[PDB]
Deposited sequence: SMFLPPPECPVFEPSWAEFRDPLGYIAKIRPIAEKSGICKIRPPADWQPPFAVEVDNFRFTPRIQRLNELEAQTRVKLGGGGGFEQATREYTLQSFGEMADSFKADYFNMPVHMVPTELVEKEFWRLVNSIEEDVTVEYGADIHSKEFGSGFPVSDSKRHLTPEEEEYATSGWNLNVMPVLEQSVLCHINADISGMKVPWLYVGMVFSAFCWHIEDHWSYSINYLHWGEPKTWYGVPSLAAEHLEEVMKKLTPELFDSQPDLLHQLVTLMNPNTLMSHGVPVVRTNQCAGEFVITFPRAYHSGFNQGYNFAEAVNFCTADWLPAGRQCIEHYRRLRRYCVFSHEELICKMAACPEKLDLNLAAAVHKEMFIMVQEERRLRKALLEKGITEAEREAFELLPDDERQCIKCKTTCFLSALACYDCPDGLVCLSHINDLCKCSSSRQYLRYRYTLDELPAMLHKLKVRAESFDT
């Protein structure tokens, strides 16, 4: 049989009232939408931000994609001309007369076709800092119309959403670009993105500025490990293969002017129906905090580097309880409580090993490469073990036996807070959450 389209993902059409608070709205729809992993949001009809990129000074070198296996520079105009001619020539139809179902069926046939070499190009992962965002920004080099200044401050503006009140990553003001600053995607027909989840299992929000639709596939976070097991066992991967192995999949065609939200640890993939322009950014919420906690341990097991420290994030929020709504205060206290108990255990174990010397360290002021456990590559914040005779070495307190062979008298504790200081932080959170 030909490709079977998965069931359609949920589509949300917020009122103007609902639309005022993006993170509030997303929190509201989450119980339904997280059952699907992705969802589509259609803004009120007259919410229409003018495209802000200066088209004539936008240049890029797209990546080469051969469809059955997962280099000139272009301008936006010349990429589009190439894109349209390719589609019209391949389908032998007018460029805007090809049904999305037809493109979709042919895409998945091609991905699995060893004999045919269809190759396309994708302007993927373009920094919005390089040429500007698709959305207007306040401090722009462009004279903003009154209309554009309002869109510049909108919470649904992807430059603004990650620094909103209840956007948790705003508390880490280390730059960590790639998570806080939007990325651009210039697509042509068949240009694709493989199955993945976001850094630190964060949300992503995705907006299609213009062009032909972007076709999405999404998997609920609950089925994340099952998907990974199916892929390991049988091996990008056809959604039909996933569904026939017990993994739920949804689909959608994201049209111009529509948002797509990917929820924490929701696997997603897709391809573009034609020439288009999209913008995306990560964000993190109160309800994401447990996923963030778990992702650190997942990274640890994999010896992957962290973009940021979960410990540091929790403690920075805990230090300012009055900036937290009751939902966030509760979530932070939950995380903080077990962090403190683990730290009490780890420091006790350190004393039993014989280490007695200790120095206070403001880890958040160090570069990441001076913060990483040499064993599990995690970013230290609350504490670390170092050695006076081995200056390059550093381990987190979960790995005090993996620093060096020197005697206990030459090793010392580097700590952010004393054990005494931590109950006070917990108590302040608890009082706040009890308001």
- Query: What stretches of this chain's deposited sequence are missing C-alpha coordinates?
  - Reply: 71-87, 253-268, 469-471
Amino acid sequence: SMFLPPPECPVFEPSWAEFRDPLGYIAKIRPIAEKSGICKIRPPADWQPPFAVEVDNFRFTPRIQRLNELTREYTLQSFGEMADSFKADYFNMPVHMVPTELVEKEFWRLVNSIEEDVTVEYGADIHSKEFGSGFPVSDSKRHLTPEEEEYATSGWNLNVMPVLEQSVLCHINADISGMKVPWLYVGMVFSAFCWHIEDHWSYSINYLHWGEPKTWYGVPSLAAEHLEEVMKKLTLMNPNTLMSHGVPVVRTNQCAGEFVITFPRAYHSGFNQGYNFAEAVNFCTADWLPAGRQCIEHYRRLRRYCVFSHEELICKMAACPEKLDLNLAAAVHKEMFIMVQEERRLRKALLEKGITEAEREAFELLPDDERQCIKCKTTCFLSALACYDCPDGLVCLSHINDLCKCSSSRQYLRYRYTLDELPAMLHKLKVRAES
From here on, numbers count along this sequence of modelled residues.
- Message: Mean CA temperature factor from the deposited coordinates, higher in 37-45 or in 388-396?
- Response: 388-396
- Task: Can you let me know which of the two, 253-261 or 320-328, has the higher average C-alpha B-factor in the entry?
- Result: 320-328
- Go through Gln273, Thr235, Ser309, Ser221 one by one and give the residue whose Cα B-factor in the PDB entry is largest. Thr235
- Using the entry's values, work out which of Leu346, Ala192, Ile114, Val247 has the largest Cα B factor. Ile114
- Task: Select lowest, middle or highest to describe the third in which the CA B-factor of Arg30 falls within its chain in this entry.
- Result: lowest
- Comparing against every modelled residue in the chain, figure out the third that the C-alpha B-factor of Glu212 lands in (lowest, middle or highest). lowest
- Third assignment of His200 from its chain's C-alpha B-factors: lowest
- Note on the structure: Binned into thirds over the chain's modelled residues, the C-alpha B-factor of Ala291 lands in the lowest
- Just say lowest, middle or highest third for the CA B-factor of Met425 relative to the other modelled residues in its chain. highest
